[PDB]
$ cat work_3.cif   # mmCIF, C-alpha atoms
data_protein
#
loop_
_atom_site.group_PDB
_atom_site.id
_atom_site.type_symbol
_atom_site.label_atom_id
_atom_site.label_comp_id
_atom_site.auth_asym_id
_atom_site.auth_seq_id
_atom_site.Cartn_x
_atom_site.Cartn_y
_atom_site.Cartn_z
ATOM 1 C CA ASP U 1 84.590 -26.785 51.273
ATOM 2 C CA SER U 2 87.913 -25.143 50.340
ATOM 3 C CA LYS U 3 87.606 -21.504 49.205
ATOM 4 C CA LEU U 4 89.318 -22.482 45.928
ATOM 5 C CA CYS U 5 85.965 -22.105 44.123
ATOM 6 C CA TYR U 6 85.967 -18.434 45.184
ATOM 7 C CA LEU U 7 89.140 -18.068 43.081
ATOM 8 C CA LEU U 8 87.593 -19.553 39.912
ATOM 9 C CA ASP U 9 84.558 -17.234 40.118
ATOM 10 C CA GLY U 10 86.898 -14.281 40.765
ATOM 11 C CA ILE U 11 88.805 -14.780 37.490
ATOM 12 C CA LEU U 12 85.692 -15.605 35.428
ATOM 13 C CA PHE U 13 83.812 -12.682 37.021
ATOM 14 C CA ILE U 14 86.620 -10.146 36.499
ATOM 15 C CA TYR U 15 86.938 -11.499 32.941
ATOM 16 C CA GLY U 16 83.269 -10.663 32.288
ATOM 17 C CA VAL U 17 83.796 -7.074 33.497
ATOM 18 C CA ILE U 18 86.969 -6.514 31.432
ATOM 19 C CA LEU U 19 85.490 -8.213 28.345
ATOM 20 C CA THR U 20 82.226 -6.245 28.706
ATOM 21 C CA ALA U 21 84.159 -2.964 29.066
ATOM 22 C CA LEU U 22 85.924 -3.480 25.713
ATOM 23 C CA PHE U 23 82.558 -4.346 24.118
ATOM 24 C CA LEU U 24 80.878 -1.116 25.286
ATOM 25 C CA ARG U 25 84.045 0.884 24.523
ATOM 26 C CA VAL U 26 83.898 -0.286 20.887
ATOM 27 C CA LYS U 27 80.100 0.134 20.764
ATOM 28 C CA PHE U 28 80.618 3.919 21.086
ATOM 29 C CA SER U 29 82.950 5.500 18.502
ATOM 30 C CA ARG U 30 83.748 8.299 20.978
ATOM 31 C CA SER U 31 85.366 5.645 23.202
ATOM 32 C CA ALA U 32 85.385 8.436 25.816
ATOM 33 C CA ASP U 33 84.519 5.838 28.484
ATOM 34 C CA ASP H 1 73.835 -30.090 47.531
ATOM 35 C CA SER H 2 76.940 -31.048 45.503
ATOM 36 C CA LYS H 3 79.023 -29.549 42.670
ATOM 37 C CA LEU H 4 77.274 -26.298 43.654
ATOM 38 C CA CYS H 5 80.369 -24.345 42.547
ATOM 39 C CA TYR H 6 80.059 -26.031 39.132
ATOM 40 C CA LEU H 7 76.804 -24.073 38.712
ATOM 41 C CA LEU H 8 78.477 -20.707 39.411
ATOM 42 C CA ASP H 9 81.379 -21.449 37.039
ATOM 43 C CA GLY H 10 78.870 -22.575 34.386
ATOM 44 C CA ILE H 11 76.977 -19.250 34.408
ATOM 45 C CA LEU H 12 80.130 -17.091 34.581
ATOM 46 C CA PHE H 13 81.885 -19.304 32.004
ATOM 47 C CA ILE H 14 78.994 -19.171 29.507
ATOM 48 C CA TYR H 15 78.882 -15.394 30.064
ATOM 49 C CA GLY H 16 82.518 -15.100 28.925
ATOM 50 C CA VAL H 17 81.830 -17.175 25.785
ATOM 51 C CA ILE H 18 78.704 -15.205 24.788
ATOM 52 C CA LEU H 19 80.521 -11.884 25.357
ATOM 53 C CA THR H 20 83.682 -12.973 23.491
ATOM 54 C CA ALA H 21 81.526 -14.108 20.541
ATOM 55 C CA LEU H 22 79.844 -10.689 20.217
ATOM 56 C CA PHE H 23 83.265 -9.035 20.644
ATOM 57 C CA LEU H 24 84.908 -10.888 17.725
ATOM 58 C CA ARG H 25 81.782 -10.381 15.579
ATOM 59 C CA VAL H 26 82.188 -6.595 15.917
ATOM 60 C CA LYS H 27 85.912 -6.888 15.117
ATOM 61 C CA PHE H 28 85.099 -8.575 11.779
ATOM 62 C CA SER H 29 82.692 -6.635 9.535
ATOM 63 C CA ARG H 30 79.604 -8.474 8.225
ATOM 64 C CA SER H 31 80.332 -10.480 5.052
ATOM 65 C CA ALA H 32 79.162 -8.989 1.732
ATOM 66 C CA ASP H 33 75.402 -9.287 1.124
#
$ encode --input "work_3.cif" --output "structure tokens"
Amino acid sequence: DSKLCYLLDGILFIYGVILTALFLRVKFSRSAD
Amino acid sequence: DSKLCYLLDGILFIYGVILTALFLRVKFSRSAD
């Protein structure tokens, strides 16, 4: 059907990467990466 | 064969909720024993 669904997964997917990055960043006190 | 996209959004959506929950938990220290 329309590729609109590809847009919803894009935001939710990117959100998981950005949210996971902050989680790992805080997990390590060095926060070097 | 229908609402297939609903399955992808469900997994990605739940992933954002489970990650956000662990993120806020780390922000707030554990309550006193």
$ resolve_selection --input "work_3.cif" --expression "the PyMOL selection byres ((chain H) within 8 of (chain U))" --output "number ranges by chain"
H: 5, 8-9, 12-13, 15-16, 19-20, 22-23
$ write_last_selection --input "work_3.cif" --atoms "C-alpha atoms" --output "mmCIF file, in the coordinates of the input"
data_model
loop_
_atom_site.group_PDB
_atom_site.id
_atom_site.type_symbol
_atom_site.label_atom_id
_atom_site.label_comp_id
_atom_site.auth_asym_id
_atom_site.auth_seq_id
_atom_site.Cartn_x
_atom_site.Cartn_y
_atom_site.Cartn_z
ATOM 1 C CA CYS H 5 80.369 -24.345 42.547
ATOM 2 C CA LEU H 8 78.477 -20.707 39.411
ATOM 3 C CA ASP H 9 81.379 -21.449 37.039
ATOM 4 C CA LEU H 12 80.130 -17.091 34.581
ATOM 5 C CA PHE H 13 81.885 -19.304 32.004
ATOM 6 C CA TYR H 15 78.882 -15.394 30.064
ATOM 7 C CA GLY H 16 82.518 -15.100 28.925
ATOM 8 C CA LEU H 19 80.521 -11.884 25.357
ATOM 9 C CA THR H 20 83.682 -12.973 23.491
ATOM 10 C CA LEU H 22 79.844 -10.689 20.217
ATOM 11 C CA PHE H 23 83.265 -9.035 20.644
#
$ calpha_fit_rmsd --input "work_3.cif" --fixed "chain U" --moving "chain H"
3.1 Å
$ atom_distance --input "work_3.cif" --atom1 "atom CA of residue H:7" --atom2 "atom CA of residue U:7"
14.4 Å
$ atom_distance --input "work_3.cif" --atom1 "atom CA of residue U:21" --atom2 "atom CA of residue U:3"
27.6 Å
$ axis_aligned_box --input "work_3.cif" --around "stretch 1-18 of chain H" --padding-each-side "6 Å" --output "JSON"
{"center_x": 78.2, "center_y": -23.1, "center_z": 36.2, "size_x": 20.7, "size_y": 27.9, "size_z": 34.7}
$ decode --input "work_3.cif" --residues "chain U" --atoms "N, CA and C atoms" --output "PDB file, in the first residue's frame"
ATOM      1  N   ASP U   1       0.861  -1.218   0.000  1.00  0.00           N
ATOM      2  CA  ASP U   1       0.000   0.000   0.000  1.00  0.00           C
ATOM      3  C   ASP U   1       0.883   1.249   0.000  1.00  0.00           C
ATOM      4  N   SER U   2       0.359   2.359   0.447  1.00  0.00           N
ATOM      5  CA  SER U   2       1.168   3.609   0.472  1.00  0.00           C
ATOM      6  C   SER U   2       2.448   3.374   1.276  1.00  0.00           C
ATOM      7  N   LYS U   3       3.479   4.126   1.002  1.00  0.00           N
ATOM      8  CA  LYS U   3       4.756   3.947   1.750  1.00  0.00           C
ATOM      9  C   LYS U   3       4.699   4.743   3.056  1.00  0.00           C
ATOM     10  N   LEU U   4       3.533   5.190   3.439  1.00  0.00           N
ATOM     11  CA  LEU U   4       3.414   5.974   4.701  1.00  0.00           C
ATOM     12  C   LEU U   4       3.926   5.134   5.875  1.00  0.00           C
ATOM     13  N   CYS U   5       3.641   3.859   5.880  1.00  0.00           N
ATOM     14  CA  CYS U   5       4.116   2.997   7.000  1.00  0.00           C
ATOM     15  C   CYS U   5       5.637   3.106   7.119  1.00  0.00           C
ATOM     16  N   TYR U   6       6.320   3.213   6.013  1.00  0.00           N
ATOM     17  CA  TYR U   6       7.805   3.323   6.061  1.00  0.00           C
ATOM     18  C   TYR U   6       8.197   4.563   6.868  1.00  0.00           C
ATOM     19  N   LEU U   7       7.345   5.552   6.905  1.00  0.00           N
ATOM     20  CA  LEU U   7       7.671   6.788   7.674  1.00  0.00           C
ATOM     21  C   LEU U   7       7.493   6.523   9.173  1.00  0.00           C
ATOM     22  N   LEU U   8       6.456   5.821   9.546  1.00  0.00           N
ATOM     23  CA  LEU U   8       6.236   5.537  10.993  1.00  0.00           C
ATOM     24  C   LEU U   8       7.410   4.715  11.533  1.00  0.00           C
ATOM     25  N   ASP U   9       7.786   3.672  10.842  1.00  0.00           N
ATOM     26  CA  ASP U   9       8.922   2.833  11.316  1.00  0.00           C
ATOM     27  C   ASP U   9      10.197   3.677  11.364  1.00  0.00           C
ATOM     28  N   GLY U  10      10.365   4.570  10.426  1.00  0.00           N
ATOM     29  CA  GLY U  10      11.589   5.420  10.413  1.00  0.00           C
ATOM     30  C   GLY U  10      11.691   6.208  11.721  1.00  0.00           C
ATOM     31  N   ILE U  11      10.652   6.907  12.087  1.00  0.00           N
ATOM     32  CA  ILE U  11      10.696   7.700  13.348  1.00  0.00           C
ATOM     33  C   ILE U  11      10.876   6.766  14.547  1.00  0.00           C
ATOM     34  N   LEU U  12      10.038   5.774  14.674  1.00  0.00           N
ATOM     35  CA  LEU U  12      10.165   4.839  15.828  1.00  0.00           C
ATOM     36  C   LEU U  12      11.556   4.203  15.824  1.00  0.00           C
ATOM     37  N   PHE U  13      12.026   3.778  14.683  1.00  0.00           N
ATOM     38  CA  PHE U  13      13.374   3.144  14.625  1.00  0.00           C
ATOM     39  C   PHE U  13      14.436   4.155  15.059  1.00  0.00           C
ATOM     40  N   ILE U  14      14.497   5.287  14.411  1.00  0.00           N
ATOM     41  CA  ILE U  14      15.512   6.306  14.795  1.00  0.00           C
ATOM     42  C   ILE U  14      15.372   6.616  16.285  1.00  0.00           C
ATOM     43  N   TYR U  15      14.164   6.666  16.777  1.00  0.00           N
ATOM     44  CA  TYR U  15      13.957   6.957  18.222  1.00  0.00           C
ATOM     45  C   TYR U  15      14.654   5.885  19.061  1.00  0.00           C
ATOM     46  N   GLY U  16      14.554   4.646  18.661  1.00  0.00           N
ATOM     47  CA  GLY U  16      15.210   3.563  19.444  1.00  0.00           C
ATOM     48  C   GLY U  16      16.727   3.769  19.449  1.00  0.00           C
ATOM     49  N   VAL U  17      17.285   4.162  18.337  1.00  0.00           N
ATOM     50  CA  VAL U  17      18.760   4.372  18.278  1.00  0.00           C
ATOM     51  C   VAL U  17      19.155   5.563  19.158  1.00  0.00           C
ATOM     52  N   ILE U  18      18.467   6.664  19.035  1.00  0.00           N
ATOM     53  CA  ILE U  18      18.819   7.857  19.859  1.00  0.00           C
ATOM     54  C   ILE U  18      18.561   7.564  21.338  1.00  0.00           C
ATOM     55  N   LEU U  19      17.464   6.932  21.652  1.00  0.00           N
ATOM     56  CA  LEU U  19      17.168   6.633  23.080  1.00  0.00           C
ATOM     57  C   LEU U  19      18.196   5.622  23.607  1.00  0.00           C
ATOM     58  N   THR U  20      18.547   4.647  22.814  1.00  0.00           N
ATOM     59  CA  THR U  20      19.543   3.636  23.273  1.00  0.00           C
ATOM     60  C   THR U  20      20.907   4.305  23.460  1.00  0.00           C
ATOM     61  N   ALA U  21      21.253   5.221  22.597  1.00  0.00           N
ATOM     62  CA  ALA U  21      22.571   5.907  22.726  1.00  0.00           C
ATOM     63  C   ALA U  21      22.658   6.607  24.084  1.00  0.00           C
ATOM     64  N   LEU U  22      21.651   7.351  24.445  1.00  0.00           N
ATOM     65  CA  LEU U  22      21.676   8.057  25.759  1.00  0.00           C
ATOM     66  C   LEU U  22      21.759   7.032  26.889  1.00  0.00           C
ATOM     67  N   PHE U  23      21.110   5.909  26.741  1.00  0.00           N
ATOM     68  CA  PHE U  23      21.158   4.875  27.814  1.00  0.00           C
ATOM     69  C   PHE U  23      22.596   4.377  27.977  1.00  0.00           C
ATOM     70  N   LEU U  24      23.223   3.974  26.906  1.00  0.00           N
ATOM     71  CA  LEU U  24      24.625   3.479  27.010  1.00  0.00           C
ATOM     72  C   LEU U  24      25.537   4.623  27.459  1.00  0.00           C
ATOM     73  N   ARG U  25      25.317   5.804  26.951  1.00  0.00           N
ATOM     74  CA  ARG U  25      26.175   6.957  27.347  1.00  0.00           C
ATOM     75  C   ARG U  25      26.130   7.127  28.866  1.00  0.00           C
ATOM     76  N   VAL U  26      24.966   7.032  29.449  1.00  0.00           N
ATOM     77  CA  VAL U  26      24.856   7.188  30.928  1.00  0.00           C
ATOM     78  C   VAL U  26      25.399   5.934  31.618  1.00  0.00           C
ATOM     79  N   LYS U  27      25.236   4.791  31.008  1.00  0.00           N
ATOM     80  CA  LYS U  27      25.739   3.536  31.632  1.00  0.00           C
ATOM     81  C   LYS U  27      27.225   3.690  31.965  1.00  0.00           C
ATOM     82  N   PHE U  28      27.981   4.302  31.092  1.00  0.00           N
ATOM     83  CA  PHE U  28      29.441   4.490  31.351  1.00  0.00           C
ATOM     84  C   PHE U  28      29.687   5.900  31.891  1.00  0.00           C
ATOM     85  N   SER U  29      30.322   6.009  33.026  1.00  0.00           N
ATOM     86  CA  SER U  29      30.591   7.358  33.601  1.00  0.00           C
ATOM     87  C   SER U  29      31.527   8.131  32.669  1.00  0.00           C
ATOM     88  N   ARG U  30      32.444   7.450  32.038  1.00  0.00           N
ATOM     89  CA  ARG U  30      33.387   8.146  31.118  1.00  0.00           C
ATOM     90  C   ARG U  30      32.594   8.906  30.055  1.00  0.00           C
ATOM     91  N   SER U  31      31.482   8.369  29.632  1.00  0.00           N
ATOM     92  CA  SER U  31      30.665   9.064  28.597  1.00  0.00           C
ATOM     93  C   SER U  31      31.555   9.437  27.409  1.00  0.00           C
ATOM     94  N   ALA U  32      32.649   8.748  27.235  1.00  0.00           N
ATOM     95  CA  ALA U  32      33.556   9.067  26.096  1.00  0.00           C
ATOM     96  C   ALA U  32      32.838   8.778  24.776  1.00  0.00           C
ATOM     97  N   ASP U  33      31.951   7.821  24.768  1.00  0.00           N
ATOM     98  CA  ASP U  33      31.221   7.492  23.511  1.00  0.00           C
ATOM     99  C   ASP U  33      29.945   6.717  23.851  1.00  0.00           C
TER     100      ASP U  33
END
